[PDB]
Each structure stands twice: as structure tokens, then as C-alpha cells.
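Student: Structure in C-alpha cells, see below.
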Amino acid sequence: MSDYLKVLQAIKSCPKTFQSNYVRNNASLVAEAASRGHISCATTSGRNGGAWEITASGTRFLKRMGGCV
């Protein structure tokens, strides 16, 4: 989960990182977030608009759990 933690949250702090198009390929990482308790879905159809996004809350708890390290 260490790698996953930063995947969604990284983009809100530093754009493009792991959420923009990365979600479509590494959806399993983003799916872990359901266990952490916070996620948001844009369309999940393609990889451009159909991606997931993090909520403001997710960045605080999830990243501190050892995000990337």
C-alpha cells in the first residue's frame, strides 16, 4: 500500500502524478483506497476523463501511512 498511498494524493500536491492517466493502468492501486475510506470517480471509462481522483481528506491520513517512503 506504500506505493499506492501517493498515487491518488500526489497529483493534488504535484499535478500529473499517478492519478491523471495512471489510474487506468494501475487501478488496483487506486482500488486499495476503498479500504482507506476515501476516493472519487470521474468517469472510469477511458483514461482521460474516466479516471479517479482523490478527495481533500485523503491526502492527510493516507499519505502519512508511509506514502512511498
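Letters for chains follow the order of the C-alpha cells (A, B, ...), residue numbers begin at 1 for each chain, and ligand numbers begin at 1 in the order shown.
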Give me the residues within 10 Å of range 21-37 of chain A as a ChimeraX atom specification, counting only C-alpha atoms and dropping any in the same chain fewer than 2 places off.

Tutor: /A:1-8,16-19,39-40,44-54,57-58,61-62

Student: Could you tell me how far CA of residue 12 in chain A sits from CA of residue 56 in chain A, in Å to one decimal place?

Tutor: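 Straight-line distance from CA of residue 56 in chain A to CA of residue 12 in chain A works out to 8.3 Å.
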
Student: Can you list every residue in chain A that DSSP puts in alpha helix (DSSP H), as a PyMOL selection string?

Tutor: chain A and resi 2-13+22-25+27-31+33-36+58-64

Student: Taking the backbone alone, and naming residues the way the document does, which bits of chain A are strand (DSSP E or B) by DSSP, as a list in words?

Tutor: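 Secondary structure check on chain A, strand (DSSP E or B): residues 40, 41, 52 and 53 of chain A.
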